[PDB]
$ cat structure-v9.json   # JSON, C-alpha atoms
[["chain", "number", "residue", "atom", "x", "y", "z"],
["U", 1, "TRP", "CA", 4.27, -41.19, 30.51],
["U", 2, "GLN", "CA", 4.25, -39.55, 33.87],
["U", 3, "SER", "CA", 1.91, -36.68, 34.44],
["U", 4, "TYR", "CA", 3.29, -35.26, 31.25],
["U", 5, "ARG", "CA", 1.43, -35.29, 27.93],
["U", 6, "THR", "CA", 2.87, -34.35, 24.52],
["U", 7, "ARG", "CA", 0.75, -33.47, 21.52],
["U", 8, "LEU", "CA", 1.61, -35.68, 18.56],
["U", 9, "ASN", "CA", -0.45, -34.20, 15.72],
["U", 10, "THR", "CA", -2.15, -31.08, 14.53],
["U", 11, "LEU", "CA", -5.66, -30.82, 13.31],
["U", 12, "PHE", "CA", -5.63, -27.47, 11.53],
["U", 13, "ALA", "CA", -3.07, -27.71, 8.75],
["U", 14, "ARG", "CA", -5.76, -26.93, 6.19],
["U", 15, "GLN", "CA", -6.43, -23.58, 7.76],
["U", 16, "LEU", "CA", -2.80, -22.67, 7.60],
["U", 17, "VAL", "CA", -2.77, -23.43, 3.93],
["U", 18, "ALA", "CA", -5.91, -21.40, 3.35],
["U", 19, "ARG", "CA", -4.37, -18.49, 5.15],
["U", 20, "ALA", "CA", -1.02, -18.54, 3.37],
["U", 21, "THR", "CA", -2.92, -18.52, 0.17],
["U", 22, "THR", "CA", -4.27, -15.02, 0.78],
["U", 23, "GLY", "CA", -0.98, -13.33, 1.79],
["U", 24, "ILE", "CA", 2.03, -13.19, 4.04],
["U", 25, "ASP", "CA", 0.33, -10.89, 6.46],
["U", 26, "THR", "CA", -2.39, -13.31, 7.28],
["U", 27, "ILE", "CA", -0.08, -16.25, 7.74],
["U", 28, "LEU", "CA", 2.21, -14.23, 10.02],
["U", 29, "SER", "CA", -0.61, -12.61, 11.94],
["U", 30, "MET", "CA", -1.09, -13.01, 15.64],
["U", 31, "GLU", "CA", -4.46, -14.59, 15.02],
["U", 32, "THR", "CA", -2.87, -17.38, 13.05],
["U", 33, "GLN", "CA", -0.86, -18.38, 16.06],
["U", 34, "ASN", "CA", -4.06, -18.65, 18.03],
["U", 35, "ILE", "CA", -5.68, -21.36, 15.98],
["U", 36, "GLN", "CA", -6.70, -23.68, 18.74],
["U", 37, "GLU", "CA", -6.03, -27.37, 19.19],
["U", 38, "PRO", "CA", -8.19, -29.55, 21.51],
["U", 39, "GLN", "CA", -7.07, -30.45, 25.01],
["U", 40, "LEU", "CA", -5.12, -33.67, 24.94],
["U", 41, "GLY", "CA", -7.04, -35.59, 27.54],
["U", 42, "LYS", "CA", -9.05, -35.53, 30.69],
["U", 43, "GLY", "CA", -7.98, -32.44, 32.55],
["U", 44, "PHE", "CA", -8.56, -28.72, 32.81],
["U", 45, "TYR", "CA", -6.77, -25.46, 32.31],
["U", 46, "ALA", "CA", -5.87, -23.09, 35.09],
["U", 47, "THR", "CA", -4.26, -19.72, 35.49],
["U", 48, "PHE", "CA", -1.47, -19.17, 37.91],
["U", 49, "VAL", "CA", -0.38, -15.69, 38.70],
["D", 1, "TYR", "CA", -24.17, 13.68, 0.00],
["D", 2, "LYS", "CA", -24.45, 15.98, 2.95],
["D", 3, "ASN", "CA", -26.21, 13.87, 5.54],
["D", 4, "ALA", "CA", -26.50, 10.99, 3.08],
["D", 5, "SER", "CA", -26.42, 7.43, 4.33],
["D", 6, "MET", "CA", -23.44, 5.31, 3.27],
["D", 7, "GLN", "CA", -22.55, 1.67, 3.61],
["D", 8, "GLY", "CA", -19.01, 0.47, 3.99],
["D", 9, "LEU", "CA", -16.32, -1.72, 5.41],
["D", 10, "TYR", "CA", -12.83, -1.76, 6.61],
["D", 11, "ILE", "CA", -10.44, -4.17, 4.97],
["D", 12, "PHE", "CA", -7.49, -5.04, 7.07],
["D", 13, "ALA", "CA", -4.06, -6.25, 5.90],
["D", 14, "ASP", "CA", -4.87, -9.66, 7.24],
["D", 15, "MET", "CA", -7.43, -10.07, 4.49],
["D", 16, "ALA", "CA", -10.36, -9.75, 6.75],
["D", 17, "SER", "CA", -13.01, -7.20, 7.18],
["D", 18, "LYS", "CA", -15.38, -5.57, 9.56],
["D", 19, "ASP", "CA", -18.32, -3.44, 8.58],
["D", 20, "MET", "CA", -18.36, 0.23, 9.34],
["D", 21, "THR", "CA", -21.06, 1.27, 11.74],
["D", 22, "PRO", "CA", -23.16, 4.23, 10.49],
["D", 23, "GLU", "CA", -21.41, 6.34, 13.10],
["D", 24, "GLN", "CA", -18.21, 5.63, 11.19],
["D", 25, "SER", "CA", -19.51, 5.79, 7.67],
["D", 26, "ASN", "CA", -20.82, 9.23, 8.55],
["D", 27, "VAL", "CA", -17.46, 10.60, 9.61],
["D", 28, "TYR", "CA", -15.74, 9.44, 6.53],
["D", 29, "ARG", "CA", -18.57, 10.87, 4.54],
["D", 30, "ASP", "CA", -18.24, 14.30, 6.08],
["D", 31, "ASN", "CA", -14.53, 14.20, 5.38],
["D", 32, "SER", "CA", -14.67, 12.34, 2.00],
["D", 33, "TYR", "CA", -17.58, 13.78, 0.02],
["D", 34, "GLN", "CA", -16.30, 16.21, -2.59],
["D", 35, "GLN", "CA", -14.33, 13.21, -3.85],
["D", 36, "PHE", "CA", -17.49, 11.23, -4.52],
["D", 37, "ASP", "CA", -18.73, 10.61, -8.00],
["D", 38, "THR", "CA", -21.75, 12.49, -9.24],
["D", 39, "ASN", "CA", -23.63, 12.42, -12.44],
["D", 40, "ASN", "CA", -21.63, 13.28, -15.56],
["D", 41, "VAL", "CA", -18.30, 13.46, -13.70],
["D", 42, "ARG", "CA", -15.66, 11.11, -12.36],
["D", 43, "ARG", "CA", -13.52, 11.89, -9.37],
["D", 44, "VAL", "CA", -10.28, 10.77, -7.94],
["D", 45, "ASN", "CA", -10.37, 9.52, -4.40],
["D", 46, "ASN", "CA", -7.30, 10.47, -2.46],
["D", 47, "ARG", "CA", -5.65, 9.03, 0.65],
["D", 48, "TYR", "CA", -7.62, 9.42, 3.85],
["D", 49, "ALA", "CA", -5.90, 10.75, 6.94]]
$ encode --input "structure-v9.json" --output "structure tokens"
Amino acid sequence: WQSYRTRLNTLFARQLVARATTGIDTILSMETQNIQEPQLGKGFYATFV
Amino acid sequence: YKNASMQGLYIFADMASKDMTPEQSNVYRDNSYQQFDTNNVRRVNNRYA
């Protein structure tokens, strides 16, 4: 609506199910929280230190 | 088993695995043989530390 963009859906719910299926430790892993979602639109990522 | 080749893998709590390299299977071998099964006997593997 401005320069702001909000993600409205997720595309990896199936993976989360597949992971819970094999144990609590995989679903609560750090890797789980790194399943990536695609960039929302034309743009790029940048690192600011 | 002294200087015998072994295959193997590490299974991590996040049910995932990575193969052992021969450099690694060899160290566990040097420190785990004695517990290995041989003909006409059965042995109990203990905890590795």
$ interface_residues --input "structure-v9.json" --of "chain D" --to "chain U" --cutoff "8 Å" --atoms "all atoms listed in the file" --output "list in words"
residues 13, 14 and 15 of chain D
$ write_last_selection --input "structure-v9.json" --atoms "C-alpha atoms" --output "PDB file, keeping the file's coordinate frame"
ATOM      1  CA  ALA D  13      -4.060  -6.250   5.900  1.00  0.00           C
ATOM      2  CA  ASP D  14      -4.870  -9.660   7.240  1.00  0.00           C
ATOM      3  CA  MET D  15      -7.430 -10.070   4.490  1.00  0.00           C
TER       4      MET D  15
END
$ atom_distance --input "structure-v9.json" --atom1 "CA of residue 1 (chain D)" --atom2 "CA of residue 20 (chain D)"
17.4 Å
$ atom_distance --input "structure-v9.json" --atom1 "CA of residue 21 (chain D)" --atom2 "CA of residue 9 (chain D)"
8.5 Å
$ atom_distance --input "structure-v9.json" --atom1 "CA of residue 45 (chain D)" --atom2 "CA of residue 4 (chain D)"
17.8 Å
$ axis_aligned_box --input "structure-v9.json" --around "region 4-19 of chain U" --padding-each-side "4 Å" --output "JSON"
{"center_x": -1.6, "center_y": -27.1, "center_z": 17.3, "size_x": 17.7, "size_y": 25.2, "size_z": 35.9}
$ residues_near_point --input "structure-v9.json" --point "(-20.1, 9.5, -0.3)" --cutoff "10 Å" --atoms "all atoms listed in the file" --output "JSON, numbers by chain"
{"D": [1, 2, 3, 4, 5, 6, 7, 25, 26, 28, 29, 30, 31, 32, 33, 34, 35, 36, 37, 38]}
$ residues_around --input "structure-v9.json" --residues "residue 36 (chain U)" --least-positions-apart "5" --cutoff "10 Å" --atoms "only C-alpha atoms" --output "ChimeraX atom specification"
/U:10-12
$ residues_around --input "structure-v9.json" --residues "residue 40 (chain U)" --least-positions-apart "5" --cutoff "10 Å" --atoms "only C-alpha atoms" --output "PyMOL selection string"
chain U and resi 5-8
$ build_atoms --input "structure-v9.json" --residues "region 8-32 of chain U" --atoms "N, CA and C atoms" --output "PDB file, in the coordinates of the input"
ATOM      1  N   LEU U   8       0.941 -35.041  19.683  1.00  0.00           N
ATOM      2  CA  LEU U   8       1.610 -35.680  18.560  1.00  0.00           C
ATOM      3  C   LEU U   8       1.146 -35.283  17.161  1.00  0.00           C
ATOM      4  N   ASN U   9       0.047 -34.561  17.037  1.00  0.00           N
ATOM      5  CA  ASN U   9      -0.450 -34.200  15.720  1.00  0.00           C
ATOM      6  C   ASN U   9      -1.117 -32.856  15.723  1.00  0.00           C
ATOM      7  N   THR U  10      -1.389 -32.313  14.548  1.00  0.00           N
ATOM      8  CA  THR U  10      -2.150 -31.080  14.530  1.00  0.00           C
ATOM      9  C   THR U  10      -3.359 -31.287  13.686  1.00  0.00           C
ATOM     10  N   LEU U  11      -4.443 -30.651  14.055  1.00  0.00           N
ATOM     11  CA  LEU U  11      -5.660 -30.820  13.310  1.00  0.00           C
ATOM     12  C   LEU U  11      -6.036 -29.650  12.422  1.00  0.00           C
ATOM     13  N   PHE U  12      -5.196 -28.621  12.321  1.00  0.00           N
ATOM     14  CA  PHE U  12      -5.630 -27.470  11.530  1.00  0.00           C
ATOM     15  C   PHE U  12      -4.741 -27.114  10.359  1.00  0.00           C
ATOM     16  N   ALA U  13      -3.986 -28.054   9.835  1.00  0.00           N
ATOM     17  CA  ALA U  13      -3.070 -27.710   8.750  1.00  0.00           C
ATOM     18  C   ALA U  13      -3.791 -27.088   7.558  1.00  0.00           C
ATOM     19  N   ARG U  14      -5.031 -27.471   7.314  1.00  0.00           N
ATOM     20  CA  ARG U  14      -5.760 -26.930   6.190  1.00  0.00           C
ATOM     21  C   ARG U  14      -5.983 -25.443   6.348  1.00  0.00           C
ATOM     22  N   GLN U  15      -6.167 -24.981   7.584  1.00  0.00           N
ATOM     23  CA  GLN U  15      -6.430 -23.580   7.760  1.00  0.00           C
ATOM     24  C   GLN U  15      -5.168 -22.832   7.442  1.00  0.00           C
ATOM     25  N   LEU U  16      -4.040 -23.376   7.852  1.00  0.00           N
ATOM     26  CA  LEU U  16      -2.800 -22.670   7.600  1.00  0.00           C
ATOM     27  C   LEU U  16      -2.552 -22.515   6.131  1.00  0.00           C
ATOM     28  N   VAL U  17      -2.945 -23.512   5.360  1.00  0.00           N
ATOM     29  CA  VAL U  17      -2.770 -23.430   3.930  1.00  0.00           C
ATOM     30  C   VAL U  17      -3.680 -22.351   3.379  1.00  0.00           C
ATOM     31  N   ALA U  18      -4.936 -22.355   3.822  1.00  0.00           N
ATOM     32  CA  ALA U  18      -5.910 -21.400   3.350  1.00  0.00           C
ATOM     33  C   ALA U  18      -5.485 -19.991   3.661  1.00  0.00           C
ATOM     34  N   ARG U  19      -4.815 -19.811   4.785  1.00  0.00           N
ATOM     35  CA  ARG U  19      -4.370 -18.490   5.150  1.00  0.00           C
ATOM     36  C   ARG U  19      -3.138 -18.098   4.355  1.00  0.00           C
ATOM     37  N   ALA U  20      -2.184 -18.989   4.127  1.00  0.00           N
ATOM     38  CA  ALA U  20      -1.020 -18.540   3.370  1.00  0.00           C
ATOM     39  C   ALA U  20      -1.418 -18.110   1.997  1.00  0.00           C
ATOM     40  N   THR U  21      -2.428 -18.759   1.483  1.00  0.00           N
ATOM     41  CA  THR U  21      -2.920 -18.520   0.170  1.00  0.00           C
ATOM     42  C   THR U  21      -3.320 -17.077  -0.050  1.00  0.00           C
ATOM     43  N   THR U  22      -3.795 -16.372   0.980  1.00  0.00           N
ATOM     44  CA  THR U  22      -4.270 -15.020   0.780  1.00  0.00           C
ATOM     45  C   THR U  22      -3.244 -13.941   1.137  1.00  0.00           C
ATOM     46  N   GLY U  23      -2.014 -14.325   1.501  1.00  0.00           N
ATOM     47  CA  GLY U  23      -0.980 -13.330   1.790  1.00  0.00           C
ATOM     48  C   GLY U  23      -0.110 -13.573   3.011  1.00  0.00           C
ATOM     49  N   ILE U  24       1.089 -13.018   2.965  1.00  0.00           N
ATOM     50  CA  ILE U  24       2.030 -13.190   4.040  1.00  0.00           C
ATOM     51  C   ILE U  24       1.555 -12.598   5.345  1.00  0.00           C
ATOM     52  N   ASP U  25       0.807 -11.524   5.265  1.00  0.00           N
ATOM     53  CA  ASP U  25       0.330 -10.890   6.460  1.00  0.00           C
ATOM     54  C   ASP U  25      -0.715 -11.686   7.172  1.00  0.00           C
ATOM     55  N   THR U  26      -1.431 -12.582   6.492  1.00  0.00           N
ATOM     56  CA  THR U  26      -2.390 -13.310   7.280  1.00  0.00           C
ATOM     57  C   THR U  26      -1.677 -14.492   7.887  1.00  0.00           C
ATOM     58  N   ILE U  27      -0.730 -15.087   7.162  1.00  0.00           N
ATOM     59  CA  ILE U  27      -0.080 -16.250   7.740  1.00  0.00           C
ATOM     60  C   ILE U  27       0.783 -15.872   8.918  1.00  0.00           C
ATOM     61  N   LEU U  28       1.341 -14.666   8.928  1.00  0.00           N
ATOM     62  CA  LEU U  28       2.210 -14.230  10.020  1.00  0.00           C
ATOM     63  C   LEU U  28       1.498 -13.367  11.037  1.00  0.00           C
ATOM     64  N   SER U  29       0.176 -13.387  11.013  1.00  0.00           N
ATOM     65  CA  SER U  29      -0.610 -12.610  11.940  1.00  0.00           C
ATOM     66  C   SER U  29      -0.549 -13.215  13.318  1.00  0.00           C
ATOM     67  N   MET U  30      -0.999 -12.460  14.309  1.00  0.00           N
ATOM     68  CA  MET U  30      -1.090 -13.010  15.640  1.00  0.00           C
ATOM     69  C   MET U  30      -2.219 -14.001  15.730  1.00  0.00           C
ATOM     70  N   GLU U  31      -3.287 -13.746  14.999  1.00  0.00           N
ATOM     71  CA  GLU U  31      -4.460 -14.590  15.020  1.00  0.00           C
ATOM     72  C   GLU U  31      -4.151 -15.986  14.550  1.00  0.00           C
ATOM     73  N   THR U  32      -3.248 -16.096  13.603  1.00  0.00           N
ATOM     74  CA  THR U  32      -2.870 -17.380  13.050  1.00  0.00           C
ATOM     75  C   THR U  32      -2.316 -18.262  14.130  1.00  0.00           C
TER      76      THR U  32
END
